[PDB]
file final.cif (mmCIF, C-alpha atoms and all ligand atoms)
data_query
loop_
_atom_site.label_atom_id
_atom_site.label_comp_id
_atom_site.auth_asym_id
_atom_site.auth_seq_id
_atom_site.Cartn_x
_atom_site.Cartn_y
_atom_site.Cartn_z
CA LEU A 3 32.72 92.43 91.29
CA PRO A 4 33.72 91.38 94.79
CA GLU A 5 35.18 94.06 97.04
CA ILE A 6 38.75 93.86 98.29
CA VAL A 7 38.58 92.53 101.86
CA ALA A 8 40.34 94.64 104.57
CA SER A 9 42.65 93.51 107.37
CA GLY A 10 40.69 91.78 110.17
CA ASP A 11 38.51 89.60 107.96
CA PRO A 12 39.62 86.07 108.99
CA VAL A 13 39.91 84.95 105.32
CA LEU A 14 42.98 87.18 105.09
CA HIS A 15 44.65 85.57 108.10
CA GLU A 16 44.00 81.88 107.43
CA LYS A 17 45.78 79.38 105.19
CA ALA A 18 44.22 79.08 101.71
CA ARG A 19 43.39 75.64 100.23
CA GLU A 20 45.00 74.16 97.08
CA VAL A 21 42.82 74.01 93.95
CA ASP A 22 42.40 70.58 92.37
CA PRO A 23 44.56 70.99 89.23
CA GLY A 24 41.91 69.16 87.18
CA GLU A 25 39.36 71.76 88.22
CA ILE A 26 41.38 74.85 87.15
CA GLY A 27 39.64 74.88 83.76
CA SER A 28 36.20 74.76 85.44
CA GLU A 29 33.57 77.56 85.32
CA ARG A 30 33.87 78.20 89.03
CA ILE A 31 37.67 78.64 89.02
CA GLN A 32 37.76 80.57 85.73
CA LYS A 33 35.20 83.01 87.20
CA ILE A 34 37.30 83.53 90.34
CA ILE A 35 40.36 84.19 88.14
CA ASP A 36 38.38 86.57 85.87
CA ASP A 37 37.07 88.42 88.97
CA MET A 38 40.59 88.69 90.47
CA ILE A 39 42.03 90.23 87.29
CA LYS A 40 39.21 92.80 87.01
CA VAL A 41 39.45 93.68 90.75
CA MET A 42 43.23 94.09 90.50
CA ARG A 43 42.92 96.34 87.42
CA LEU A 44 40.13 98.42 89.04
CA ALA A 45 42.10 99.22 92.26
CA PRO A 46 44.56 99.51 90.46
CA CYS A 47 47.40 97.41 91.90
CA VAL A 48 50.17 95.11 90.67
CA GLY A 49 49.10 91.95 92.52
CA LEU A 50 46.16 90.26 94.21
CA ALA A 51 45.58 86.99 96.02
CA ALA A 52 42.27 85.06 96.23
CA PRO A 53 41.76 85.63 100.01
CA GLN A 54 41.68 89.39 99.24
CA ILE A 55 38.33 88.89 97.50
CA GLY A 56 37.17 86.47 100.18
CA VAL A 57 38.11 83.26 98.33
CA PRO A 58 40.17 80.78 100.51
CA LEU A 59 42.03 79.26 97.52
CA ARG A 60 45.66 79.29 96.48
CA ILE A 61 45.43 81.65 93.50
CA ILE A 62 47.42 84.79 92.71
CA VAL A 63 47.36 87.28 89.81
CA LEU A 64 49.95 89.95 89.07
CA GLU A 65 51.17 92.37 86.41
CA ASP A 66 53.25 95.49 86.05
CA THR A 67 52.75 97.78 83.08
CA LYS A 68 54.46 100.68 81.31
CA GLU A 69 51.51 102.74 82.58
CA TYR A 70 51.90 101.85 86.26
CA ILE A 71 55.64 102.28 86.07
CA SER A 72 55.08 105.74 84.51
CA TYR A 73 53.75 107.00 87.88
CA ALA A 74 57.18 106.59 89.55
CA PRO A 75 60.35 108.60 88.84
CA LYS A 76 63.10 106.96 86.72
CA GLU A 77 65.46 106.92 89.73
CA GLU A 78 63.08 104.90 91.90
CA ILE A 79 62.27 102.45 89.02
CA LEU A 80 66.03 101.87 88.52
CA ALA A 81 66.77 101.33 92.21
CA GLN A 82 63.82 98.93 92.58
CA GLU A 83 64.69 96.96 89.44
CA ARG A 84 61.05 97.49 88.56
CA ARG A 85 60.21 96.35 85.01
CA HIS A 86 57.07 95.55 83.09
CA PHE A 87 55.80 91.99 82.97
CA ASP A 88 52.78 90.39 81.35
CA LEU A 89 49.69 89.36 83.31
CA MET A 90 50.50 86.25 85.28
CA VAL A 91 48.02 83.80 86.88
CA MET A 92 49.44 81.20 89.26
CA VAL A 93 47.33 78.44 90.83
CA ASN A 94 48.92 76.51 93.73
CA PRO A 95 52.13 78.55 93.52
CA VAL A 96 55.19 77.26 95.42
CA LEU A 97 57.92 79.85 95.85
CA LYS A 98 61.60 79.39 96.67
CA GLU A 99 64.45 81.89 96.60
CA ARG A 100 67.20 81.53 93.91
CA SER A 101 69.91 83.10 96.10
CA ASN A 102 70.37 84.83 99.45
CA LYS A 103 70.35 88.31 97.82
CA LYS A 104 67.81 90.66 99.48
CA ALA A 105 66.52 94.24 99.03
CA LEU A 106 64.58 96.58 101.31
CA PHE A 107 61.82 98.85 99.95
CA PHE A 108 58.44 100.25 100.94
CA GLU A 109 55.40 98.02 100.27
CA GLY A 110 51.65 98.53 100.52
CA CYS A 111 48.62 96.23 100.18
CA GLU A 112 45.08 96.98 99.12
CA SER A 113 43.87 95.19 102.27
CA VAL A 114 45.76 97.76 104.42
CA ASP A 115 44.47 101.10 103.13
CA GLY A 116 46.56 104.26 103.69
CA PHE A 117 49.90 102.88 104.96
CA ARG A 118 53.31 101.47 103.85
CA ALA A 119 56.29 99.91 105.60
CA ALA A 120 59.77 98.79 104.59
CA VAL A 121 59.90 95.05 103.88
CA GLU A 122 62.98 92.93 103.20
CA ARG A 123 62.45 90.55 100.27
CA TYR A 124 64.51 88.09 98.21
CA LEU A 125 65.71 89.64 94.99
CA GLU A 126 65.54 86.36 93.01
CA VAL A 127 62.86 83.67 93.19
CA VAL A 128 61.43 80.68 91.39
CA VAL A 129 57.75 79.81 91.61
CA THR A 130 56.19 76.60 90.37
CA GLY A 131 52.45 75.97 89.89
CA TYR A 132 49.73 76.01 87.26
CA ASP A 133 48.63 78.70 84.85
CA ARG A 134 45.08 79.91 84.18
CA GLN A 135 44.40 76.94 81.90
CA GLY A 136 45.78 74.35 84.32
CA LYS A 137 49.12 73.83 82.56
CA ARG A 138 52.22 73.33 84.74
CA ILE A 139 54.53 76.36 84.79
CA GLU A 140 57.82 77.52 86.34
CA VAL A 141 58.45 81.24 86.71
CA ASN A 142 61.86 82.77 87.38
CA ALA A 143 61.69 86.37 88.53
CA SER A 144 64.00 89.05 89.88
CA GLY A 145 63.73 92.60 91.21
CA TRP A 146 60.26 94.07 91.79
CA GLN A 147 58.38 91.19 90.11
CA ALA A 148 60.04 88.84 92.68
CA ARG A 149 58.84 91.07 95.54
CA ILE A 150 55.28 91.04 94.13
CA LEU A 151 55.39 87.20 93.93
CA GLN A 152 56.51 86.92 97.58
CA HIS A 153 53.87 89.42 98.75
CA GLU A 154 51.06 87.56 96.95
CA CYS A 155 52.28 84.04 97.91
CA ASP A 156 52.40 85.27 101.55
CA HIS A 157 48.63 86.02 101.37
CA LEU A 158 47.94 82.33 100.68
CA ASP A 159 49.38 81.40 104.05
CA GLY A 160 47.37 84.11 105.81
CA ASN A 161 50.41 86.40 106.10
CA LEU A 162 50.36 90.21 105.64
CA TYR A 163 53.41 92.48 105.21
CA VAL A 164 52.76 94.30 108.51
CA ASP A 165 53.85 91.16 110.43
CA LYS A 166 57.29 91.06 108.76
CA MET A 167 58.10 94.76 108.33
CA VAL A 168 61.31 96.47 109.49
CA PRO A 169 60.61 98.11 112.91
CA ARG A 170 60.06 101.88 112.96
CA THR A 171 59.26 102.11 109.22
CA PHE A 172 55.46 101.75 109.22
CA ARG A 173 53.97 105.01 107.93
CA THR A 174 51.06 106.75 106.31
CA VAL A 175 51.12 107.08 102.52
CA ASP A 176 51.42 110.89 102.97
CA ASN A 177 54.56 110.34 105.05
CA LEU A 178 56.15 107.95 102.51
CA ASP A 179 59.02 110.31 101.62
CA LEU A 180 60.05 111.21 105.19
CA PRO A 181 63.49 110.04 106.35
CA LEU A 182 64.08 106.66 107.94
CA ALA A 183 64.56 106.91 111.69
CA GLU A 184 67.88 106.55 113.49
CA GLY A 185 69.01 102.92 113.46
CA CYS A 186 66.85 101.79 110.52
CA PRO A 187 68.67 99.96 107.72
CA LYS A 188 68.86 101.91 104.47
CA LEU A 189 66.61 101.14 101.49
CA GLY A 190 68.04 99.26 98.52
CA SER A 191 70.34 96.26 98.09
CA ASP B 2 47.49 127.37 117.93
CA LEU B 3 46.91 123.74 118.98
CA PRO B 4 49.39 121.24 117.46
CA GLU B 5 48.09 118.46 115.24
CA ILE B 6 48.74 114.83 116.10
CA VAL B 7 51.79 113.61 114.22
CA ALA B 8 51.20 110.45 112.13
CA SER B 9 53.45 107.36 111.72
CA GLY B 10 56.35 108.13 109.35
CA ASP B 11 57.51 111.32 111.08
CA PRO B 12 60.90 110.45 112.66
CA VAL B 13 59.95 112.18 115.96
CA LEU B 14 57.65 109.16 116.60
CA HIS B 15 60.38 106.65 115.86
CA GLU B 16 63.38 108.05 117.77
CA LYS B 17 64.18 108.42 121.46
CA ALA B 18 62.84 111.55 123.18
CA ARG B 19 65.04 113.52 125.62
CA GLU B 20 64.49 114.09 129.32
CA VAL B 21 63.05 117.36 130.59
CA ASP B 22 65.52 119.18 132.89
CA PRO B 23 63.69 118.71 136.25
CA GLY B 24 64.23 122.41 137.08
CA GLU B 25 62.31 123.39 133.92
CA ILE B 26 59.12 121.34 134.48
CA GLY B 27 57.36 124.26 136.25
CA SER B 28 58.27 126.75 133.47
CA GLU B 29 55.48 128.29 131.27
CA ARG B 30 57.10 126.66 128.25
CA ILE B 31 56.74 123.11 129.60
CA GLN B 32 53.32 123.87 131.12
CA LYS B 33 52.14 124.98 127.65
CA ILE B 34 53.38 121.70 126.10
CA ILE B 35 51.53 119.75 128.81
CA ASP B 36 48.29 121.81 128.38
CA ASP B 37 48.53 121.27 124.59
CA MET B 38 48.89 117.47 125.10
CA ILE B 39 45.85 117.37 127.41
CA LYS B 40 43.69 119.39 124.93
CA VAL B 41 44.84 117.25 121.98
CA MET B 42 44.15 114.05 123.95
CA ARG B 43 40.66 115.23 124.96
CA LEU B 44 39.94 116.48 121.43
CA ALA B 45 40.60 113.09 119.78
CA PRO B 46 39.30 111.83 122.26
CA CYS B 47 41.72 109.20 123.60
CA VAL B 48 43.06 107.86 126.89
CA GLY B 49 46.77 108.66 126.53
CA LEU B 50 49.24 110.83 124.65
CA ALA B 51 53.03 111.20 124.53
CA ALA B 52 54.90 114.42 123.66
CA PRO B 53 56.42 113.10 120.35
CA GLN B 54 52.81 112.70 119.15
CA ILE B 55 52.57 116.54 119.09
CA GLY B 56 56.04 116.89 117.54
CA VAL B 57 57.78 117.58 120.88
CA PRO B 58 60.94 115.46 121.43
CA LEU B 59 60.53 115.29 125.23
CA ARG B 60 59.80 112.59 127.76
CA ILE B 61 56.25 113.57 128.86
CA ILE B 62 53.06 111.53 128.91
CA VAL B 63 49.48 112.36 129.82
CA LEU B 64 46.63 109.93 130.35
CA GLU B 65 43.01 109.90 131.44
CA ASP B 66 40.18 107.35 131.41
CA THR B 67 36.88 108.91 132.40
CA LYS B 68 33.68 107.31 133.71
CA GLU B 69 32.12 108.71 130.53
CA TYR B 70 34.55 106.96 128.13
CA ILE B 71 34.11 103.69 130.04
CA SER B 72 30.27 103.89 129.89
CA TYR B 73 30.44 103.18 126.12
CA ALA B 74 32.24 99.82 126.34
CA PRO B 75 30.49 96.45 126.97
CA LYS B 76 30.25 95.47 130.68
CA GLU B 77 31.99 92.12 129.99
CA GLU B 78 34.86 93.89 128.18
CA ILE B 79 35.36 96.37 131.06
CA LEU B 80 35.54 93.41 133.46
CA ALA B 81 37.98 91.38 131.35
CA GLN B 82 40.20 94.43 130.73
CA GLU B 83 40.08 95.54 134.39
CA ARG B 84 39.35 99.01 133.00
CA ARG B 85 38.60 101.50 135.79
CA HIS B 86 38.30 105.28 135.64
CA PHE B 87 41.29 107.33 136.73
CA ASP B 88 41.81 111.08 137.01
CA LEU B 89 43.98 113.03 134.57
CA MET B 90 47.65 112.09 135.09
CA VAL B 91 50.83 113.80 133.83
CA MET B 92 54.28 112.27 134.23
CA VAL B 93 57.60 113.86 133.19
CA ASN B 94 60.63 111.61 132.62
CA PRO B 95 58.64 108.46 133.52
CA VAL B 96 60.59 105.22 134.16
CA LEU B 97 58.38 102.13 133.92
CA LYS B 98 59.00 98.69 135.39
CA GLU B 99 56.78 95.60 135.70
CA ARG B 100 55.71 94.41 139.18
CA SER B 101 55.20 90.74 138.16
CA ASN B 102 55.39 88.32 135.22
CA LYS B 103 51.59 88.43 134.72
CA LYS B 104 50.51 89.52 131.25
CA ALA B 105 47.34 90.37 129.31
CA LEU B 106 46.31 90.47 125.64
CA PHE B 107 43.80 92.99 124.29
CA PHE B 108 43.39 95.25 121.28
CA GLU B 109 45.09 98.70 121.20
CA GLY B 110 44.87 101.73 118.86
CA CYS B 111 47.06 104.85 118.60
CA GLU B 112 46.01 108.26 117.30
CA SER B 113 49.28 108.25 115.30
CA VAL B 114 47.99 105.17 113.37
CA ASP B 115 44.54 106.30 112.28
CA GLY B 116 42.03 103.58 111.48
CA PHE B 117 43.58 100.37 112.80
CA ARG B 118 43.87 98.18 115.90
CA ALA B 119 45.88 95.12 116.90
CA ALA B 120 46.30 92.76 119.85
CA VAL B 121 49.30 93.60 122.02
CA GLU B 122 50.60 91.71 125.11
CA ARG B 123 51.28 93.97 128.12
CA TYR B 124 52.29 93.58 131.77
CA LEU B 125 49.21 93.56 133.99
CA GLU B 126 51.04 95.31 136.88
CA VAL B 127 53.55 98.18 136.63
CA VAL B 128 55.22 100.92 138.65
CA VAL B 129 56.29 104.20 137.12
CA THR B 130 58.57 106.75 138.73
CA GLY B 131 59.02 110.30 137.51
CA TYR B 132 57.80 113.83 138.11
CA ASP B 133 54.32 115.31 138.13
CA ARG B 134 53.50 118.51 136.19
CA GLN B 135 54.76 120.68 139.08
CA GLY B 136 58.13 118.90 139.14
CA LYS B 137 57.44 116.90 142.35
CA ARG B 138 58.99 113.39 142.49
CA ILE B 139 56.23 110.73 142.31
CA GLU B 140 55.70 106.95 142.01
CA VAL B 141 52.62 105.50 140.34
CA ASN B 142 51.50 101.92 140.83
CA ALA B 143 49.02 100.71 138.19
CA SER B 144 47.28 97.56 137.01
CA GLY B 145 44.81 96.48 134.30
CA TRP B 146 43.93 99.02 131.62
CA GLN B 147 45.75 101.93 133.30
CA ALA B 148 48.97 99.83 133.36
CA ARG B 149 48.51 99.15 129.61
CA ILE B 150 48.07 102.85 128.77
CA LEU B 151 51.22 103.67 130.77
CA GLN B 152 53.21 101.06 128.82
CA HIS B 153 51.89 102.27 125.45
CA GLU B 154 52.69 105.95 126.25
CA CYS B 155 56.12 105.22 127.76
CA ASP B 156 56.92 103.16 124.63
CA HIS B 157 56.39 106.32 122.51
CA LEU B 158 59.23 108.04 124.40
CA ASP B 159 61.68 105.40 123.14
CA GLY B 160 60.37 105.77 119.58
CA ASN B 161 58.34 102.54 119.81
CA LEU B 162 54.80 102.00 118.36
CA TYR B 163 52.44 99.09 119.05
CA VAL B 164 52.56 97.91 115.41
CA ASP B 165 56.10 96.62 115.96
CA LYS B 166 55.11 94.50 118.97
CA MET B 167 51.67 93.17 117.98
CA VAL B 168 50.48 89.56 117.89
CA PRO B 169 50.73 88.35 114.25
CA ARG B 170 47.48 88.13 112.24
CA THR B 171 45.53 90.45 114.56
CA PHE B 172 46.11 93.81 112.79
CA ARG B 173 42.70 95.06 111.61
CA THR B 174 40.65 98.07 110.58
CA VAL B 175 38.52 99.69 113.32
CA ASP B 176 35.40 98.55 111.40
CA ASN B 177 36.62 94.93 111.58
CA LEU B 178 37.55 95.16 115.29
CA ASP B 179 34.92 92.65 116.37
CA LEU B 180 35.59 90.00 113.72
CA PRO B 181 36.77 86.59 114.96
CA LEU B 182 40.47 85.92 115.61
CA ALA B 183 41.98 83.54 113.04
CA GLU B 184 43.25 80.11 113.98
CA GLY B 185 46.56 80.03 115.81
CA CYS B 186 45.98 83.49 117.31
CA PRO B 187 46.01 83.53 121.14
CA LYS B 188 42.67 84.42 122.76
CA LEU B 189 42.25 87.87 124.37
CA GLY B 190 42.35 88.01 128.17
CA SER B 191 44.78 87.75 131.06
CA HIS B 192 46.86 85.29 133.11
CA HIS B 193 45.07 84.13 136.33
CA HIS B 194 45.59 86.66 139.19
ZN ZN A 201 48.64 92.33 99.55
ZN ZN A 202 50.02 105.91 120.95
#
call {"tool": "encode", "arguments": {"input": "final.cif", "output": "structure tokens"}}
result
Amino acid sequence: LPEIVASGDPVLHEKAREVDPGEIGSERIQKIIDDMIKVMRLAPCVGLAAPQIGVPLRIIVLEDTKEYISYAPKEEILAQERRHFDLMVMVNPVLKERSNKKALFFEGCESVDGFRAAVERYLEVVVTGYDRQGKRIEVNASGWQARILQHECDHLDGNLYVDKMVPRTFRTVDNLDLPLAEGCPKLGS
Amino acid sequence: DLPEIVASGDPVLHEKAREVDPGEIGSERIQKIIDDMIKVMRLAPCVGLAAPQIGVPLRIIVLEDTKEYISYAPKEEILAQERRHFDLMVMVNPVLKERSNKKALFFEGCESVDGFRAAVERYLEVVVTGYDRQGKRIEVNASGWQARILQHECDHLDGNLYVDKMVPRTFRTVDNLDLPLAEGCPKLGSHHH
């Protein structure tokens, strides 16, 4: 299995290339997708983008499970509108917001080990693209799944969350629960 | 007992520190804070420290760049960064202002963000007014790397960290420091001067 690439590796900070839709069913692409799913599940994390394993292609994978959700308190899950969703593979995803509704919560990324920051995201999105088999799909998502989609689509354009985080919120994982500083907007929606 | 460096997340790093009463700078209490900062800075080791980084909500900075520290860096880097040794400096209630519009771009780290670096644009030339550790009124004129350190440390006193003013797509682990800059990133260096 490929290792998750850390911030600084140019592949993370460069625009990923579209996959030829007719090649999605190929050995080469299926292997990249298989590797991404295994890497994601090994971390474990709820989302991964191809550049994170050193592959400059427009591919994301994502899932949120009863198990992952069980590691957070009910009150946080409720606030974050965080709900299970089946494994999703999107090739050449194109994301657009469904409304102007936004929420602010702490995010992390496997390519930035040991830190989190508060990131404003759209609450409702639509993402078009291709599935694992090369069939055209349209995904409508809200709440936490929508945030995951934006985070992972961002990686395809060489964009990390640290370059669009709310000022004065960046923090170590151990400091996650400390108050927000004077003047910071409050978490939630 | 020597204080530990406070890490990003603790509100003392992210809020505005208060001035020291000038008449109190010479007191044992403030001297102790300053001695603690110096020991913590040298322990890391690093070239600058601000009081909020040891959990003290006061406007005090210390900084030091020794011939020894500088001996480790590449000759070409030292030249580009205009990085020259300077003796231990303490300023209380510093007030920083630029002396020209000339800027430079290089990588910075902060002990309060362990394990990462990013490229940050700074003024090449600054002047800082304030008090020394005995409470005497002073002015400090700096350029190159010393000017950068002054800006970074003064920023801490207003609850500002480099990560909120870094060039996009340059944030990186220390181990990846030397990897190439991605396309569209500005090159490291300085305006002609
Ligand atoms: Zn990520
Ligand atoms: Zn610092």
call {"tool": "atom_distance", "arguments": {"input": "final.cif", "atom1": "atom CA of residue B:133", "atom2": "atom CA of residue B:48"}}
result
17.6 Å
call {"tool": "residues_around", "arguments": {"input": "final.cif", "residues": "residue B:194", "least_positions_apart": "3", "cutoff": "10 Å", "atoms": "all atoms listed in the file", "output": "PyMOL selection string"}}
result
chain B and resi 103-104+125+191
call {"tool": "write_last_selection", "arguments": {"input": "final.cif", "atoms": "C-alpha atoms", "output": "compact mmCIF listing (two decimals), in the frame of the given file"}}
result
# COMPACT_ATOMS: atom_id res chain seq x y z
CA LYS B 103 51.59 88.43 134.72
CA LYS B 104 50.51 89.52 131.25
CA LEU B 125 49.21 93.56 133.99
CA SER B 191 44.78 87.75 131.06
call {"tool": "atom_distance", "arguments": {"input": "final.cif", "atom1": "atom CA of residue B:165", "atom2": "atom CA of residue A:167"}}
result
8.1 Å
call {"tool": "residues_near_ligand", "arguments": {"input": "final.cif", "ligand": "ligand ZN 201 (chain A)", "cutoff": "7 Å", "atoms": "all atoms listed in the file", "output": "VMD selection string"}}
result
chain A and resid 50 110 to 113 153 to 154 157 162
call {"tool": "closest_residue", "arguments": {"input": "final.cif", "among": "B:118, B:98, B:188, B:138", "to": "chain A", "atoms": "all atoms listed in the file"}}
result
B:118
call {"tool": "interface_residues", "arguments": {"input": "final.cif", "of": "chain A", "to": "chain B", "cutoff": "9 Å", "atoms": "all atoms listed in the file", "output": "compact mmCIF listing (two decimals) with C-alpha atoms, keeping the file's coordinate frame"}}
result
# COMPACT_ATOMS: atom_id res chain seq x y z
CA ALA A 8 40.34 94.64 104.57
CA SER A 9 42.65 93.51 107.37
CA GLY A 10 40.69 91.78 110.17
CA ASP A 11 38.51 89.60 107.96
CA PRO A 12 39.62 86.07 108.99
CA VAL A 13 39.91 84.95 105.32
CA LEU A 14 42.98 87.18 105.09
CA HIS A 15 44.65 85.57 108.10
CA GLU A 16 44.00 81.88 107.43
CA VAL A 114 45.76 97.76 104.42
CA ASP A 115 44.47 101.10 103.13
CA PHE A 117 49.90 102.88 104.96
CA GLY A 160 47.37 84.11 105.81
CA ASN A 161 50.41 86.40 106.10
CA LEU A 162 50.36 90.21 105.64
CA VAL A 164 52.76 94.30 108.51
CA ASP A 165 53.85 91.16 110.43
CA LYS A 166 57.29 91.06 108.76
CA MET A 167 58.10 94.76 108.33
CA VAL A 168 61.31 96.47 109.49
CA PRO A 169 60.61 98.11 112.91
CA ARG A 170 60.06 101.88 112.96
CA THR A 171 59.26 102.11 109.22
CA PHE A 172 55.46 101.75 109.22
CA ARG A 173 53.97 105.01 107.93
CA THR A 174 51.06 106.75 106.31
CA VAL A 175 51.12 107.08 102.52
CA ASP A 176 51.42 110.89 102.97
CA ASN A 177 54.56 110.34 105.05
CA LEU A 178 56.15 107.95 102.51
CA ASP A 179 59.02 110.31 101.62
CA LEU A 180 60.05 111.21 105.19
CA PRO A 181 63.49 110.04 106.35
CA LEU A 182 64.08 106.66 107.94
CA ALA A 183 64.56 106.91 111.69
CA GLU A 184 67.88 106.55 113.49
CA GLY A 185 69.01 102.92 113.46
call {"tool": "atom_distance", "arguments": {"input": "final.cif", "atom1": "atom CA of residue A:134", "atom2": "atom CA of residue A:6"}}
result
20.8 Å
call {"tool": "residues_near_ligand", "arguments": {"input": "final.cif", "ligand": "ligand ZN 202 (chain A)", "cutoff": "9 Å", "atoms": "only C-alpha atoms and all ligand atoms", "output": "PDB file with C-alpha atoms, keeping the file's coordinate frame"}}
result
ATOM      1  CA  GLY B  49      46.770 108.660 126.530  1.00  0.00           C
ATOM      2  CA  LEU B  50      49.240 110.830 124.650  1.00  0.00           C
ATOM      3  CA  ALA B  51      53.030 111.200 124.530  1.00  0.00           C
ATOM      4  CA  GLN B  54      52.810 112.700 119.150  1.00  0.00           C
ATOM      5  CA  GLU B 109      45.090  98.700 121.200  1.00  0.00           C
ATOM      6  CA  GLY B 110      44.870 101.730 118.860  1.00  0.00           C
ATOM      7  CA  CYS B 111      47.060 104.850 118.600  1.00  0.00           C
ATOM      8  CA  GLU B 112      46.010 108.260 117.300  1.00  0.00           C
ATOM      9  CA  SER B 113      49.280 108.250 115.300  1.00  0.00           C
ATOM     10  CA  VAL B 114      47.990 105.170 113.370  1.00  0.00           C
ATOM     11  CA  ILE B 150      48.070 102.850 128.770  1.00  0.00           C
ATOM     12  CA  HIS B 153      51.890 102.270 125.450  1.00  0.00           C
ATOM     13  CA  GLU B 154      52.690 105.950 126.250  1.00  0.00           C
ATOM     14  CA  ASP B 156      56.920 103.160 124.630  1.00  0.00           C
ATOM     15  CA  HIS B 157      56.390 106.320 122.510  1.00  0.00           C
ATOM     16  CA  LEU B 162      54.800 102.000 118.360  1.00  0.00           C
ATOM     17  CA  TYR B 163      52.440  99.090 119.050  1.00  0.00           C
TER      18      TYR B 163
END
call {"tool": "residues_around", "arguments": {"input": "final.cif", "residues": "stretch 99-103 of chain A", "least_positions_apart": "2", "cutoff": "8 Å", "atoms": "all atoms listed in the file", "output": "ChimeraX atom specification"}}
result
/A:97,105,124-128,191
call {"tool": "axis_aligned_box", "arguments": {"input": "final.cif", "around": "stretch 67-76 of chain A", "padding_each_side": "6 Å", "output": "lines of an AutoDock Vina configuration file"}}
result
center_x = 57.3
center_y = 103.2
center_z = 85.4
size_x = 23.6
size_y = 22.8
size_z = 20.2
call {"tool": "closest_residue", "arguments": {"input": "final.cif", "among": "A:86, A:188, A:17, A:98", "to": "residue A:122", "atoms": "all atoms listed in the file"}}
result
A:188
call {"tool": "residues_around", "arguments": {"input": "final.cif", "residues": "residue B:34", "least_positions_apart": "2", "cutoff": "10 Å", "atoms": "only C-alpha atoms", "output": "PDB file with C-alpha atoms, keeping the file's coordinate frame"}}
result
ATOM      1  CA  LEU B   3      46.910 123.740 118.980  1.00  0.00           C
ATOM      2  CA  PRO B   4      49.390 121.240 117.460  1.00  0.00           C
ATOM      3  CA  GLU B  29      55.480 128.290 131.270  1.00  0.00           C
ATOM      4  CA  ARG B  30      57.100 126.660 128.250  1.00  0.00           C
ATOM      5  CA  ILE B  31      56.740 123.110 129.600  1.00  0.00           C
ATOM      6  CA  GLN B  32      53.320 123.870 131.120  1.00  0.00           C
ATOM      7  CA  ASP B  36      48.290 121.810 128.380  1.00  0.00           C
ATOM      8  CA  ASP B  37      48.530 121.270 124.590  1.00  0.00           C
ATOM      9  CA  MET B  38      48.890 117.470 125.100  1.00  0.00           C
ATOM     10  CA  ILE B  39      45.850 117.370 127.410  1.00  0.00           C
ATOM     11  CA  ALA B  52      54.900 114.420 123.660  1.00  0.00           C
ATOM     12  CA  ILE B  55      52.570 116.540 119.090  1.00  0.00           C
ATOM     13  CA  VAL B  57      57.780 117.580 120.880  1.00  0.00           C
ATOM     14  CA  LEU B  59      60.530 115.290 125.230  1.00  0.00           C
ATOM     15  CA  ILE B  61      56.250 113.570 128.860  1.00  0.00           C
TER      16      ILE B  61
END
call {"tool": "residues_around", "arguments": {"input": "final.cif", "residues": "residue A:30", "least_positions_apart": "5", "cutoff": "12 Å", "atoms": "all atoms listed in the file", "output": "ChimeraX atom specification"}}
result
/A:21-22,25,35-37,57,59
call {"tool": "closest_residue", "arguments": {"input": "final.cif", "among": "A:140, A:66, A:5, A:133", "to": "residue A:53", "atoms": "only C-alpha atoms"}}
result
A:5
call {"tool": "residues_around", "arguments": {"input": "final.cif", "residues": "residue A:109", "least_positions_apart": "3", "cutoff": "7 Å", "atoms": "all atoms listed in the file", "output": "tab-separated table (two decimals) with C-alpha atoms, in the coordinates of the input"}}
result
chain	number	residue	atom	x	y	z
A	118	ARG	CA	53.31	101.47	103.85
A	119	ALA	CA	56.29	99.91	105.60
A	120	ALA	CA	59.77	98.79	104.59
A	121	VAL	CA	59.90	95.05	103.88
call {"tool": "decode", "arguments": {"input": "final.cif", "residues": "stretch 98-105 of chain B", "atoms": "N, CA and C atoms", "output": "compact mmCIF listing (two decimals), in the first residue's frame"}}
result
# COMPACT_ATOMS: atom_id res chain seq x y z
N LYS B 98 7.51 49.09 13.41
CA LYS B 98 7.11 49.76 12.18
C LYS B 98 8.13 49.46 11.09
N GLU B 99 7.65 49.30 9.86
CA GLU B 99 8.54 49.12 8.70
C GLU B 99 9.28 50.41 8.36
N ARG B 100 10.47 50.27 7.78
CA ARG B 100 11.28 51.42 7.35
C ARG B 100 11.29 51.62 5.82
N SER B 101 10.69 50.68 5.10
CA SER B 101 10.48 50.81 3.65
C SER B 101 9.45 49.79 3.18
N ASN B 102 9.12 49.85 1.89
CA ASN B 102 8.17 48.91 1.28
C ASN B 102 8.81 47.61 0.77
N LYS B 103 10.10 47.42 1.06
CA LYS B 103 10.86 46.26 0.59
C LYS B 103 10.55 45.03 1.43
N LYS B 104 10.25 43.93 0.75
CA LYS B 104 9.78 42.71 1.39
C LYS B 104 10.67 41.52 1.03
N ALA B 105 10.55 40.45 1.81
CA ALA B 105 11.22 39.19 1.53
C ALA B 105 10.36 37.98 1.90
